[PDB]
Amino acid sequence: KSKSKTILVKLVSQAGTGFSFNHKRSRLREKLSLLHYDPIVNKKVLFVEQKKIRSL
Amino acid sequence: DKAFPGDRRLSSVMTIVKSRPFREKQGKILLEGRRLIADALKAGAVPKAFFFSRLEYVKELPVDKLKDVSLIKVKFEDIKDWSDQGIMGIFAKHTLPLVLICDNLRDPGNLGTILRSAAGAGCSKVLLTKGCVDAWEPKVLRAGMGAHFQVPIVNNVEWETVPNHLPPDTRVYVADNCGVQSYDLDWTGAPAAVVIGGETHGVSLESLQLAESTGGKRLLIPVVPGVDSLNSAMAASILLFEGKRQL
Amino acid sequence: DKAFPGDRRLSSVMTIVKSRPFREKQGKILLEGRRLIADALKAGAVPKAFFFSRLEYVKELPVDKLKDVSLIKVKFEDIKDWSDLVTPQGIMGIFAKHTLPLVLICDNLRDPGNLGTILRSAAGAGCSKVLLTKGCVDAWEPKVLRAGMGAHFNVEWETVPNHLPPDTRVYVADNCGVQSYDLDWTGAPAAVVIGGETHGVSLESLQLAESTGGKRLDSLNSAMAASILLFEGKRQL
RNA sequence: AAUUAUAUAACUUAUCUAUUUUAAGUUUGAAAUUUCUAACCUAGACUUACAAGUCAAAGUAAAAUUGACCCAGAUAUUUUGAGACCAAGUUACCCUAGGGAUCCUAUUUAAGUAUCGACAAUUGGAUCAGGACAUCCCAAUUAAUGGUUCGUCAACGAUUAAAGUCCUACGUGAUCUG
């Protein structure tokens, strides 16, 4: 319970489609910018972290 | 041993009496020691049960000095848990009134004794560390020789009573070492509402802002030596009584 | 670390620290705690032996707790003899066993625990006058040292009676217990007389202090109440 | 008990009345309730109340310290969430099921097997201590060898080579009764 290493965040598409998915990142690292498949545009687009959900 | 073998509540009372965690769970504040039992006893508490060695409880020799505490059998391991001393008397855990508040966790004796310090002076409601902090626990109250619910000094405050302590229109002051002057404060001059933050926790910024509603100024006790600060709970006790007298 | 406590010198040290009468006969007692040992060195107490753990000695933190004693690596057995308590601390030291005045006078032998607690409060209070009986009772025992916790770190009968002749009133204090700053403990002469730890202080002890001409400030916790009074005493000054 | 208790009854506010500028609260209780990005698909399997989630041949397709669902959110239908609820008594007012009456001891061993039999293996006191090792004293990493006083959950006083941490129906002497 006390131990806390990673965190869960929302990765939101930069294409404006509103598609989002959750990914795990280390708490002490910088915000993630990832290239992920967006079903709405049916092609890989850049995703940027917006908010933290919980402590993993 | 359980107060009554069949009675689960009796066992809980005895267990809570000689148990810091169990007492907090069962809302019991025990005053370890016959003299300290009288301390809580004379502070306005009629302990329902008193943590004492099974044979010792039967003898009730400390109960004679409890002066209200009801001697109850207590397990040897439980007695060690409540150790801060054998006779732990478990008990339920205004304008110009003494008001002590050992905000946050602190020395168990400091919190309990500081809160009780206001009671005798004429404290309408004396406060201690919050329910989360171990202040009304059997061992926690044992060092302080005070009962939370029964005595005006309360430690198992809980959320409801926690606003109650602050809710009064008595100017509040946080006293550690240099929080005007301990007895020359606006809070000290006005009805006492002293609330010292935890020694290792400090005073919350929101609490300092809330002091504006009370209208009190944090307590600053001049220290000739280079010591960083004195006992936070102890300072609250002095400020608690000091405020009532000045008010 | 040195784990040999069976030496004759170690046995003598263990007897003095473990037993108060042996400490008085040998004039040596043990203080447990790195902070307490460091305070003893500042106070000028001359320690006879410094107890340092196998790791504490290497870290040099126990060495700083020598309290003027020689610091050497010591195991549990050696530390136990050096320390006055059964359980030896990681850092411990074996050492020797008016108008508006603040005076506390204790006659005869006094409980070592009470002395440590009183001295710790006195340091915070900053009283300029202190009274006591002779040095018969040893206040350097591990229990007494624990009571002081470093904050604490010979007036005798003749000088002690002088404090009694002085017109001072001991401010009363109780667990439930006028205000601390409303009592002229520092503002007016004070002759602190209350039930000691060796005898016990009940609610009558607070009344007894009031009977000395002071007012109330029911047995209060010795450390908590004294510390609260010390803060009030500093404010009084 | 635990949790309550708009049966009624009261008060308060409405209400309803005087003048004049029953309902809702709460309380009693008629009672009530419970207890004591890391794919998709698809043989065969796992996990599982249900559901979802797993492993996996084949196939197809991208590439080269929690854990799901329900259920609530957010928004515009896309996404995001970590089988006695909790809970005391009493019963000879009872019910059912029955059970009764109407330092030895038992093995094993055998130093000294007719008859026996050590060591073993299966209230305070007085007298005398036995044992555990996590070693205080005594002793040479090893060792429980013998000891570890008297008093006032903590503490103190005085001795002792030392007053380890403890256990042994007050450790242990042979009232009398039910």
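Residues displayed in chain B correspond, in order, to Swiss-Prot positions 95-178, 183-191, 206-291, 337-404.
Placed from the backbone N, Cα and C atoms, the Cβ positions cover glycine too.
Lifted from Swiss-Prot, the feature list:
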type: BINDING; residues: B:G354, B:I378, B:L387; note: S-adenosyl-L-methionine binding site
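Of the listed binding-site residues, namely B:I378, B:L387, the sparsest Cβ surroundings within 10 Å are found at B:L387. Per the record's binding annotation for S-adenosyl-L-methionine, residues B:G354, B:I378, B:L387 show a top Cα-Cα distance of 15 Å. Non-local contacts of B:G354 (S-adenosyl-L-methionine binding site) by the CB criterion (under 8 A, 6+ apart in sequence, same chain) comprise B:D215, B:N216, B:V286, B:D288, B:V360, B:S361, B:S364, B:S389.
In sequence order, B:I378, B:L387 are the binding-site residues among B:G354, B:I378, B:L387 whose C-beta falls under 8 Å from a C-beta of chain C. DSSP classifies B:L387 (S-adenosyl-L-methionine binding site) as coil under the three-state reduction.
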